[PDB]
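Spelled out, the chains give:
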Amino acid sequence: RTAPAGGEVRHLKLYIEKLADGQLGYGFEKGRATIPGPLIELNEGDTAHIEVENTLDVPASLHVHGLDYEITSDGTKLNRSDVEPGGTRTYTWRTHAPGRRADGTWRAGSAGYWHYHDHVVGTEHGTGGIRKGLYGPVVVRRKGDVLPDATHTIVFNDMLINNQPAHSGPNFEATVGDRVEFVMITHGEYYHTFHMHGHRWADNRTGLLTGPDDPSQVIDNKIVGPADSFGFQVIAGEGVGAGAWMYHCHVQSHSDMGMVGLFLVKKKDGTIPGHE
Amino acid sequence: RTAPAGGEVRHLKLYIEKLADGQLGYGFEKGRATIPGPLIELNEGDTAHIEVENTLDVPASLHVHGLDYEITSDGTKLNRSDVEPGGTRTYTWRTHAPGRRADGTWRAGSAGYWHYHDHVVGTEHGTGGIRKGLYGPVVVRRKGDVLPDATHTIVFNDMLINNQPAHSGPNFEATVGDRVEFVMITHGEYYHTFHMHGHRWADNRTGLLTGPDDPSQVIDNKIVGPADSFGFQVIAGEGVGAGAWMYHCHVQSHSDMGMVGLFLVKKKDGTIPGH
Amino acid sequence: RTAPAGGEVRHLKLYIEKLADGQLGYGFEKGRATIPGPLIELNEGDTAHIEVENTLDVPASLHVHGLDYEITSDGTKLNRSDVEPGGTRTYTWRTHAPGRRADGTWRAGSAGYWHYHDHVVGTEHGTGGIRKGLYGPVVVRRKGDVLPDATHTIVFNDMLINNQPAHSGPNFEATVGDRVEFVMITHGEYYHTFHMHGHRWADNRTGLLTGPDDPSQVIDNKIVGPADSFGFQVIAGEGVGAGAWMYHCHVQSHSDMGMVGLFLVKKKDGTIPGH
Ligand SMILES: [Cl-]
Ligand SMILES: [Cl-]
Ligand SMILES: [Cl-]
Ligand SMILES: [Cl-]
Ligand SMILES: [Cl-]
Ligand SMILES: [Cl-]
Ligand SMILES: [Cu+2]
Ligand SMILES: [Cu+2]
Ligand SMILES: [Cu+2]
Ligand SMILES: [Cu+2]
Ligand SMILES: [Cu+2]
Ligand SMILES: [Cu+2]
Ligand SMILES: [Cu+2]
Ligand SMILES: [Cu+2]
Ligand SMILES: [Cu+2]
């Protein structure tokens, strides 16, 4: 499939909750909060009204990367955009399509791989909040953008993936030939380098090449640092066939200390070449 | 407006001098130096002759990124390009437009977001000199490149912004609809992530999509290490509006430790919604 | 001169062996294996069968970036691709050209600057093998790609360039007007920024602008991290003349610690400006 034009206006509830293990999360539902928070997909031109209810005991906020929002939706202590504890506040994210300005210049669309995260917990930059798991993927499609069969989010949050314990995964699961979207986010103090076995992508907006004239580098290794966001797609097993395809931070310490996961690509039999 | 064709020759005089302690600037007039140094603005094809007088009591130099210079302008003790204390030397920067070679291959233009820094003070790679603030923005335009209303230079130097103490800014002030050009330069030991609230830019030469077919990633956040140089223009408050829009390093401790500042975008009447 | 279309089948023999002190390397020749390991060049579509012979007494393997390889050629302990001590094993790399997919999307080719390295020695991720010098360049070319006169590989491995001691270089040699290719691979714990004096390139697959309409920023400085891989081509001293043009890591304490070397560009004379 390809994505349609936007303009639709969505109403979402987002709850800021303490998880059973004392972590923090966004969720569409009271008690259902996940780390990472839920995926939010918009099409260019869409508008999202998110009413945030903060159940914590500390002021918490909602900040987004790359979408259009006014100073009142900033999510910051600075701009008085945060949510006092047991409070609720509606955030408004806006999105626009590429086009020409009055002078003739080209205006860049909102489309890309983005993320939302808390800006007020533990410090005025959300250091406490980010550490404890308040973050999530935001994806903005452009009219005509190829769409996946699945999206998977991997956040390198300091030394952990998705605030999972070391050597935890996650593993993701696909069958040969599915189109698989990967959204990569990074947080904390450290730089990483993201690697995937048996697959490669294009370093550009969509991780997909236009046609024969796209100069973009093809790479299976991309260095990243806190709050970077990118994504790409893959045809699973393309040319490499089924199996367990490792993905990991390539900083050698981080890898040995367990920032690793598995991309389990299955034969159409739903069978996988025998692994460890 | 837009950048015209280059080829004009320029003469400029740079002084290397101490200001406060732990700080050494470049400046166009004696006593007038700053951190960062003056912006040098060229069009592709222009030549820069820069007269440099070293008022420091140790050797200092001029070394530039991306522009053409011969070995004699290198800026290094290696190539004996340094400036003796109290002395003077004239550097040369050439610049060229893109074009076909004889073999028919494409030779790239000089244009881009570049910078100069001292290569000999405190070490042979200018460790001492860079730390104390000898660095500056160099911007070379391609004919047809858009010109900004204002240009602002944001340098991340180790843990400080433009060698300003934590939480001291700098702030940057514009008005909605202004085309504000930023040039971002990193120096020192550490990588960073430069981020800005409410705005975005292309990841490419000019930081501006050439049109609908530009594949470049649109981004509000970029990893950068020492000597990295990039630039872009935004329409101030475009799609977002008046407000005091943070920029900062996104490394968690970095932003908490005071690498923070404001792009302060006013209304047409001077209004910033209260903060 | 330009690369042709691929599709050949290749057979290459690689020896993992222990070098003079505690050091490990890949080699074509039994006994003279080098750090970094031998350059492997391919045209898009080339199929390469590589026999590996492991002369060490711990397991060891071969793992490549970007090329098509099946799970049995992974080079890992979990996918059961590691080579027992004394044993030999054949790894298959495969390559393909770009073209319209079944769904009419454009499938990316394999062309680019890649590397191989060890995924087994000392850890599941080969930290010890990589540290000890098991790593080396791969270059996959597209039909039409411009060929160089010479190819140099610079590897940043932790704090050492190509496993040489600090301040030992390597230095590379060229005549003005040479078309010189540099492959740059990074490994270890650290990030660097690769700087080159008097020479600039384009950030993209080949390092060279495909024409006037390639938006890619032009750079002399690029931040990199473990397993990152790129490469480019310059014309020796184009616009800047002969001389000794430093290259180095521009992380300031890394410069000082000796990640530094020379691009020595001679006149057709054979003469070089002094340094
Ligand atoms: Cl709705
Ligand atoms: Cl989700
Ligand atoms: Cl023009
Ligand atoms: Cl410090
Ligand atoms: Cl590091
Ligand atoms: Cl020289
Ligand atoms: Cu912020
Ligand atoms: Cu890591
Ligand atoms: Cu953020
Ligand atoms: Cu791996
Ligand atoms: Cu240098
Ligand atoms: Cu920082
Ligand atoms: Cu420099
Ligand atoms: Cu370094
Ligand atoms: Cu690798």
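Residues numbered from 1 in each chain as written, not as in the entry; some residues may be left out. Chains lettered and ligands numbered in written order. Heavy atoms only, no water.

What the entry reports as its method is X-ray crystallography, with 2.400 Å given for the resolution.

Looking at the PDB entry, one finds chain B named Multicopper oxidase, with Streptomyces viridochromogenes as its source organism. In the PDB, the title recorded for this entry is "Two-Domain Laccase from Streptomyces viridochromogenes at 2.4 A resolution AC629".

The PDB entry lists chain A under the name Multicopper oxidase, with Streptomyces viridochromogenes as the source organism.

### Some points on the UniProt feature "binding site: Cu(2+) 1" (unreviewed entry) in chain B
Where we set the bar: UniProt positions are given in the numbering used here, feature names are shortened, and annotations may be inferred rather than shown by experiment. By the criteria applied, helices consist of DSSP H or I runs no shorter than four residues and strands consist of E runs no shorter than two, each listed in order from the N terminus. Think of it in three bands: residues with accessible area under 20% of the maximum for their type are buried, residues over 50% are exposed, and the middle band is partly exposed, with areas taken using a 1.4 Å probe on protein chains only. In this analysis, two residues are considered to be in contact whenever any of their non-hydrogen atoms come within 4.5 Å of each other.
The residues that UniProt annotates with the feature "binding site: Cu(2+) 1" (unreviewed entry) are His 65, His 117 and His 250 of chain B. These annotated residues cover 186 residues of sequence, and their C-alpha atoms sit far apart, with the largest distance between any two at 25.8 Å. Position of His 65 of chain B among the secondary structure elements: in the loop between β5 (63-64) and β6 (88-93). Exposure remark for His 65 of chain B: the relative accessible area of 0% places this residue in the buried category. Among residues more than four places away in sequence, those in contact with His 65 of chain B are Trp 114, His 115, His 117 and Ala 227 of chain B together with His 195, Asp 220, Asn 221 and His 250 of chain C. Among the structural elements, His 250 of chain B can be located in the loop between β20 (243-249) and α2 (252-256).

### Observations regarding the coordination of the copper ion (ligand 13)
Basically, it comes down to this: For Na, K and Ca the donor cut-off is 3.2 Å; for every other metal, N, O and S atoms count as donors within 2.8 Å. Water does not enter the count, which can leave sites looking incomplete.
Surrounding the copper ion (ligand 13) are the protein donor atoms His 65 of chain B (NE2), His 117 of chain B (NE2) and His 250 of chain C (NE2), at 1.8 to 2.0 Å. Separating the copper ion (ligand 13) from the copper ion (ligand 11) is a gap of 5.3 Å. In this pair, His 117 of chain B sits in strand β9 (residues 112-117) while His 250 of chain C sits in the loop between β20 (243-249) and α2 (252-256), so the two residues belong to two different chains. By the burial criterion, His 117 of chain B is buried, and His 250 of chain C matches it.

### So, the nonpolar core
Put simply, the rule is: The definition of a nonpolar core used throughout is a set of buried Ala, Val, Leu, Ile, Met, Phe, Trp, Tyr and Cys residues joined through side-chain atoms within 4.5 Å.
Membership of the largest hydrophobic core comes to 174 residues, with the highest contact counts inside it found for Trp 93 and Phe 263 of chain A, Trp 93 of chain B together with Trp 93 and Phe 263 of chain C. Each residue touching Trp 93 of chain B, except ones within four places of it in the same chain, is listed here: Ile 40, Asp 46, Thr 47, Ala 48, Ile 50, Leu 62, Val 64, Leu 67, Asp 68, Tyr 116 and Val 138 of chain B.

### Overview of the sheet that holds strand β14 (residues 179-187) of chain A
Residues and elements named next belong to chain A. As a reminder of what qualifies: At least two bridges found by DSSP between two strands are what make those strands a pair.
The strand order across the open sheet formed by 4 strands is β12-β11-β14-β19, and the pairing between neighbours is mixed. Each of the sheet's edge strands pairs with one partner strand only, and the pair in question is β12 (160-161) and β19 (229-235). Pairing of β14 with β19 involves 7 bridges; the strand directions are antiparallel. Counted as the bridge partner of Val 183 is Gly 231 from β19.

### Here we look at the UniProt feature "binding site: Cu(2+) 2" (unreviewed entry) in chain B
We apply this condition: Side-chain atoms alone can form a polar contact between residues adjacent in sequence; in general such a contact is a pair of N or O atoms within 3.5 Å, and within protein one must be able to donate a hydrogen while the other accepts it.
Annotation from UniProt places "binding site: Cu(2+) 2" (unreviewed entry) at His 119, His 197 and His 248 of chain B. These annotated residues cover 130 residues of sequence, and their C-alpha atoms reach 34.1 Å apart at the extreme, placing them across more than a single site. Structurally, the position occupied by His 119 of chain B is in the loop between β9 and α1 (127-131). You can call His 119 of chain B buried: its relative accessible area is 1%. Here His 119 of chain B is in contact with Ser 61, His 63, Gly 75, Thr 76, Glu 124, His 125 and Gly 126 of chain B together with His 197, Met 246 and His 248 of chain C, once residues within four sequence places are set aside. A polar contact of 3.0 Å, which involves the side chain of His 119 of chain B, links it to the backbone oxygen of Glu 124 of chain B. With respect to the secondary-structure elements, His 248 of chain B resides in strand β20. Overall, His 248 of chain B belongs to the buried group, its relative accessible area being 2%. Setting aside residues up to four positions removed in sequence, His 248 of chain B forms contacts with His 119 and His 125 of chain A together with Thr 193, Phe 194, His 195, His 197, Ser 255, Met 259 and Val 260 of chain B.

### Points about the side chain of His 63 of chain C
Turning to its location among the elements, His 63 of chain C is positioned in strand β5 (residues 63-64). A polar contact of 3.0 Å, which involves the side chain of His 63 of chain C, links it to the backbone oxygen of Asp 74 of chain C. In this view, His 63 of chain C contacts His 195 and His 197 of chain A together with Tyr 69, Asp 74, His 115, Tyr 116, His 117 and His 119 of chain C; residues no more than four positions away in its chain are not counted.

### Notes on the coordination of the copper ion (ligand 7)
Around the copper ion (ligand 7), the protein supplies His 119 of chain A (NE2), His 197 of chain B (NE2) and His 248 of chain B (NE2) as donor atoms, at distances of 2.1 to 2.4 Å. The distance between the copper ion (ligand 7) and the copper ion (ligand 9) is 5.4 Å. Here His 197 of chain B lies in the loop between β15 (192-196) and β16 (201-202) and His 119 of chain A lies in the loop between β9 (112-117) and α1 (127-131), a pairing that spans two chains. In this structure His 197 of chain B comes out as buried when scored by relative accessible area, which is 1%.

### Some remarks on the packing of aromatic side chains
To keep things clear, this is the line we draw: Each aromatic pair joins two rings of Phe, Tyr and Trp (for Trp, the six-membered one) with centres within 6.5 Å, and gets the label stacked for planes under 30 degrees apart, edge-to-face for over 60, and tilted for any other angle.
Inspection of every chain in the model, using the stated rule, returns 47 aromatic pairs over all chains. Between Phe 194 of chain A and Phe 230 of chain A, the aromatic rings sit 6.1 Å apart at their centres with planes inclined by 75°, giving edge-to-face as the arrangement. Residue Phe 194 of chain A is found in strand β15 (residues 192-196), and its partner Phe 230 of chain A is found in strand β19; the two are separated by 36 residues along the sequence. For the pair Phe 194 of chain A and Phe 230 of chain A, one class covers both residues: buried. Measuring from centroid to centroid gives 6.1 Å for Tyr 191 of chain B and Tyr 191 of chain C, while their planes differ by 75°, and the two rings are edge-to-face. Placement of the pair is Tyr 191 of chain B in the loop between β14 (179-187) and β15 and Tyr 191 of chain C in the loop between β14 (179-187) and β15 (192-196), with the two residues belonging to separate chains. Comparing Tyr 191 of chain B with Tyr 191 of chain C shows no difference in burial state: the two are buried. Clustering of aromatic rings is evident, with ring pairs tying together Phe 156, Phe 172, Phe 182, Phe 194, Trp 201, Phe 230, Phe 232, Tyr 247 and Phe 263 of chain A.

### Some words on the environment of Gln 217 of chain C
With respect to the secondary-structure elements, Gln 217 of chain C resides in the loop between β16 (201-202) and β17 (218-219). Judged by relative accessible area, which is 11%, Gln 217 of chain C ranks as buried. It is 8.7 Å that separates the C-alpha atoms of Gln 217 of chain C and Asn 204 of chain C, two residues lying 13 residues apart in sequence. Not counting residues up to four positions away in its chain, the partners in contact with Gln 217 of chain C are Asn 204, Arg 205, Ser 229 and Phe 230 of chain B together with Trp 201, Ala 202 and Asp 203 of chain C.

### What to know about the sheet that holds strand β11 (residues 150-157) of chain B
Across the sheet, 4 strands lie side by side as β12-β11-β14-β19 (chain B); this open sheet has mixed pairing. Both outer strands of the open sheet, β12 (160-161) and β19 (229-235) of chain B, are each paired with one neighbouring strand and no more.

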